[PDB]
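Below: one structure, written as structure tokens.
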Amino acid sequence: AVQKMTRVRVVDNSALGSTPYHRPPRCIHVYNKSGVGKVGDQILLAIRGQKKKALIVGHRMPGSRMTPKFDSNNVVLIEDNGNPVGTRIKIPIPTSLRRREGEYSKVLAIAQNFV
Amino acid sequence: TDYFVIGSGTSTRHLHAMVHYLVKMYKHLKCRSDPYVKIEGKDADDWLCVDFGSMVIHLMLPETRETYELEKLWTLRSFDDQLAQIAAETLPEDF
Amino acid sequence: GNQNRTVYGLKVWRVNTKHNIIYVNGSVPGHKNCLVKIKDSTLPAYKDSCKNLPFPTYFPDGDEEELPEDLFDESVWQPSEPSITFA
Amino acid sequence: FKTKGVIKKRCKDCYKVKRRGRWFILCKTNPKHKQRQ
Amino acid sequence: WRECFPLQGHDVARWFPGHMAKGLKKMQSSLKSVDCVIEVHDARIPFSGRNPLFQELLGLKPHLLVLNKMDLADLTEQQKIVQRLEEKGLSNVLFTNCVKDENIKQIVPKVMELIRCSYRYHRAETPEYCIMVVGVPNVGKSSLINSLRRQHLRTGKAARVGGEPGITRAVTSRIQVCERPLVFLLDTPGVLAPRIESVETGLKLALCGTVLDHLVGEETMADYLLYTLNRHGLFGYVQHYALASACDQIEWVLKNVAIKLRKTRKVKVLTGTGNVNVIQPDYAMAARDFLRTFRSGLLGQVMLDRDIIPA
RNA sequence: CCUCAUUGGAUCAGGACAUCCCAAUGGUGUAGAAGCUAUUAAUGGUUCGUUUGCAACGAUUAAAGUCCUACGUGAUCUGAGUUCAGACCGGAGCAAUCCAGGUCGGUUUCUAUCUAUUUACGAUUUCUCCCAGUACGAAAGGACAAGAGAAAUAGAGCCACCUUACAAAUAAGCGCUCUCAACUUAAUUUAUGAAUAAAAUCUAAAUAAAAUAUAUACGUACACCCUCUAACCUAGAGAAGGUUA
RNA sequence: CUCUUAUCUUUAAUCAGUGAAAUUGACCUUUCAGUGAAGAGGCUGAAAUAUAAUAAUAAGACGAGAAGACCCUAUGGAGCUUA
Ligand SMILES: Nc1nc2c(ncn2[C@@H]2O[C@H](COP(=O)(O)OP(=O)(O)NP(=O)(O)O)[C@@H](O)[C@H]2O)c(=O)[nH]1
Ligand SMILES: [Mg+2]
Ligand SMILES: [Mg+2]
Ligand SMILES: [Mg+2]
Ligand SMILES: [Mg+2]
Ligand SMILES: [Mg+2]
Ligand SMILES: [Mg+2]
Ligand SMILES: [Mg+2]
Ligand SMILES: [Mg+2]
Ligand SMILES: [Mg+2]
Ligand SMILES: [Mg+2]
Ligand SMILES: [Mg+2]
Ligand SMILES: [Mg+2]
Ligand SMILES: [Mg+2]
Ligand SMILES: [Mg+2]
Ligand SMILES: [Mg+2]
Ligand SMILES: [Mg+2]
Ligand SMILES: [Mg+2]
Ligand SMILES: [Mg+2]
Ligand SMILES: [Zn+2]
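As structure tokens, then:
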């Protein structure tokens, strides 16, 4: 579960996240009628003075049986037009993203490992 | 997916036409029992992706194809040049 | 608590004729070992669905045909069946 | 249909009726001419 | 070395507290008894900040601009600054250093001469010349009261002078400044603007200390120093902080500054196996000290608005 | 010659309609899509933050309505202010003191006697898919109804799993399930037809229909006259209620 | 805090013993609209209505208390200062 003011780990190779900076990114908005964010839910980060959209690809909170619980809250940065900012994702991504209602094929293409 | 398809397009207009034609043919060409397919990336202006049941097609402009290099990743599963640059780390104290 | 409440539109997934057990989707008001009232659903959709069911009641004394011990709904995956492979 | 306090005809084709407890001027040629009291 | 500071996606600097609103009402009500209005400002920023409302709301009375903090600024092209300020319609402009009472004598004669040209109407019979000082926070506005309080009356400090913005809250009573012309001053709280113009002006307006630094983070601002400091050529931080050699990356310089000052934190980082608390050098503390040295003038004289003044 | 002093929040909300969204319609300088204007309707809903002392912005939403209830509501709670005992600056006064000028500090308690009140219901909204990138339109762009599927919230429940506890046989949510019918109308639109020679006219003429939100006609729930030494109970403050080869 | 939850102790509640306090014109002590001074259980007109307890809530009885606040009055005081 991601909320407002949560601390997030960018799991791309994009410069926006990749570059080591003393502050992690923090969530400013969750794009849902429910304030909570789960796998496949977009969020608006505040990353290095910039406001950037992102997608949740994993979280530490338990989900339904047969789905993977991660140890960190993982997020990918997406451009305003919706194209991913980064070109590669080396961390495993759950396969549930494929069937959730939304646009996730672009992210899946960039992800080599699926869990 | 069983098959991964990437095809370049001349311009944004051409990209929309190709996507619309394929979906129109897809519905006409049987698939009566099979469910429907969404068109993804319409908000995007240069990259459109349509995911059929067992095939995924990505249509994008030449520059977008060059930047993302989808062909290399799937051809070279773990030996992609961009992937190689992504290493791992740990967190030790500073002294 | 301790009030009469009703749940509407619960599907019947399976019936066990030997032990007279009914499998009803979801939750039922009351504690375990609590007596409940079971009757056909009064929701608009299933207005006249009792055409197929035994109209007066099910008579086992009639013995027109002997029922299988377990009755299932078609969507149900029965145990002892091959493992589901969504081929 | 504008609800106005005074109903006045605005063209030759406009005609008057007493429907559902109220006075109407209804014009087939120009629907702009419709008024209710 | 970088080329242009990235300003895409950053937001504007909105501070505008409530006291800067209740204050603006009192200032309007005080027009009754003000012969002239004095705008104080930071010499380092000739053409930015500059709350437009002061000319708009307080335009009724005659105006005089007093660029303060001239000591910690580069005024080689002062002649040029006047030429353009003449184009802006600010015929009379003064540069003054409050702390070391530089050029503060000249202000009163100009205010006298400036008032002579104007009309006084209802106050034409009053013998006391009351004028009013306004400006953005931390421009020396309250200090100017004291510098004139002593230079002429030779009495002593009368207004609370403080480093951080927001010290003076409400429009106060008159403070006597001189006896021979019998000049009184009305001190008012610093107002910035309801809406700063550009992300850069707002970034510059924080450099001199006009707006609370935590509203900008102090990390999107330390970077700006390194850019302009290197761009303008003032390679003084290397010697002061005994850095190896010139650089244009905050993570590097703030790494060096932090080690020099022997400052470290225990910061929670989020790795792939779970949150871990790791001791790390204080990037935040270095940014403050790097900012607090600049503002103290030990890093050199600067002309933040350059190539905007020449033109 | 100058002047100047109750109201926020929290909790729970009752109501008006002069309607912010949802719903039904008239007109258009309404091609479609976006809009504008007016009628009808009170149905349920009407977000989270930052600086703030009144505003000033950020990100959202179908929408973030306008008002009345003695700031609706302090014997439910809370921040200001009124506003004092201490203390400073600025300005007065010979002083004591003073200022509708700044600032920092700073104790209201209550066991409820009376009235009133404390044991069911029949759902709202949004997005995607389809029709269909079609109708329309020079292009740009781009619908309606009909039909299927997802969630969010609310209401009512439950514990097989998951999670958190009791390092108990349980309780919780962060887990799971279920939610529907409209006889009765308003704006508006049709059909038949007199006053009124029409091959007119929807009708405060006699007539026939369609058409928001409401609601209870129509349903579900309840329904038994009930032994009690005592024990036990997923029933409970007591009493009541259930159970007893 | 989102967004509350579980456990234990205190209190509560039931049984036994002992036993106060502010308060109290009389009460057989209802709802709505009206009237009225911002005002009604008690007045006008409708309506509702077997009788008594026990445990809860605090809308009301402009609920109860304290030497609380605010303005004005007295040919009532007192402290302080002076020109
Ligand atoms: N170096 C230098 N510092 C100065 C000068 N004038 C004022 N300062 C510094 O500025 C601060 C005082 O600001 P102040 O005089 O109160 O100005 P203000 O604008 O009235 N303050 P505010 O932000 O409350 O509106 C102190 O840190 C003081 O040392 C100057 O001429 N030179
Ligand atoms: Mg309400
Ligand atoms: Mg209305
Ligand atoms: Mg009260
Ligand atoms: Mg009480
Ligand atoms: Mg004293
Ligand atoms: Mg205080
Ligand atoms: Mg204290
Ligand atoms: Mg105080
Ligand atoms: Mg009671
Ligand atoms: Mg449709
Ligand atoms: Mg006793
Ligand atoms: Mg009685
Ligand atoms: Mg009354
Ligand atoms: Mg009566
Ligand atoms: Mg008792
Ligand atoms: Mg009471
Ligand atoms: Mg007298
Ligand atoms: Mg006397
Ligand atoms: Zn007409």
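Going down the list, the sequences are from chains L, u, E, 4 and z. The opening position of the first sequence corresponds to residue 31 in the deposited numbering, with each subsequent residue numbered one higher. The opening position of the second sequence corresponds to residue 115 in the deposited numbering, with each subsequent residue numbered one higher. The opening position of the third sequence corresponds to residue 262 in the deposited numbering, with each subsequent residue numbered one higher. The opening position of the fourth sequence corresponds to residue 65 in the deposited numbering, with each subsequent residue numbered one higher. The opening position of the fifth sequence corresponds to residue 15 in the deposited numbering, with each subsequent residue numbered one higher. Cβ atoms here follow ideal geometry from the backbone N, Cα and C, with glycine treated the same way.
is_contact[residue i, chain u] using C-beta, thresh 8 Å
i              : result
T36 (chain L)  : no
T117 (chain L) : yes
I264 (chain z) : no
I159 (chain z) : no
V271 (chain z) : no
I293 (chain z) : yes
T278 (chain z) : yes
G112 (chain L) : yes
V290 (chain z) : yes
CB contact below 8 Å: residue i versus chain L
i              : result
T287 (chain z) : yes
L284 (chain z) : yes
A27 (chain z)  : no
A298 (chain z) : yes
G177 (chain z) : no
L190 (chain u) : no
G155 (chain u) : yes
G231 (chain z) : yes
Interface flag, residue i vs chain z, CB-CB below 8 Å
i                    : result
residue 29 (chain L) : In the structure displayed, chain L extends from 31 to 145; residue 29 (chain L) sits before or after that span and is not available.
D116 (chain u)       : no
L205 (chain u)       : yes
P124 (chain L)       : no
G79 (chain L)        : yes
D159 (chain u)       : no
Residue environment, residue i, which counts as buried when at least 16 other CB atoms sit within 10 Å
i                     : result
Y133 (chain z)        : exposed
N143 (chain L)        : exposed
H77 (chain z)         : buried
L239 (chain z)        : buried
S94 (chain L)         : exposed
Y255 (chain z)        : buried
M139 (chain u)        : exposed
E133 (chain L)        : buried
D157 (chain u)        : exposed
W161 (chain u)        : buried
residue 431 (chain E) : Nothing can be reported for residue 431 (chain E): it is not among the residues displayed for chain E, which extend from 262 to 348.
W87 (chain 4)         : exposed
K82 (chain L)         : buried
Assumed close pair residue i, residue j - CB separation to whole angstroms, cut-off 8 Å
i              : j              : result
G37 (chain z)  : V205 (chain z) : 7 Å
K68 (chain L)  : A45 (chain L)  : With a Cβ gap of about 28 Å, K68 (chain L) and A45 (chain L) do not count as contacting.
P295 (chain z) : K269 (chain z) : 6 Å
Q165 (chain z) : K119 (chain z) : 6 Å
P195 (chain z) : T182 (chain z) : Contact doesn't hold; Cβ gap of about 24 Å is too wide.
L158 (chain z) : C192 (chain z) : Actually they are not in contact, since the Cβ atoms of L158 (chain z) and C192 (chain z) sit about 13 Å apart, beyond 8 Å.
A236 (chain z) : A301 (chain z) : 4 Å
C144 (chain z) : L200 (chain z) : 7 Å
Proximity test, residue i beta-carbon vs ligand 20 heavy atom, cut-off 7 Å
i              : result
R74 (chain 4)  : yes
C145 (chain u) : no
### Message
Give me the subset of the stretch 123-152 of chain u whose CB atoms are less than 7 Å from a CB atom of chain L, sorted by chain position.
### Response
none
**Item:** Residues of the stretch 175-188 of chain u whose Cβ lies closer than 8 Å to any Cβ of chain L, in chain order
**Value:** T178, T181, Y182, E183, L184, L187
Short-range partners of chain L found in the stretch 240-256 of chain z, where Cβ spacing is below 9 Å:
none
Task: Against chain u: residues of the stretch 129-141 of chain L by CB proximity under 9 Å - done: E131, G132, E133, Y134, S135, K136, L138, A139, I140
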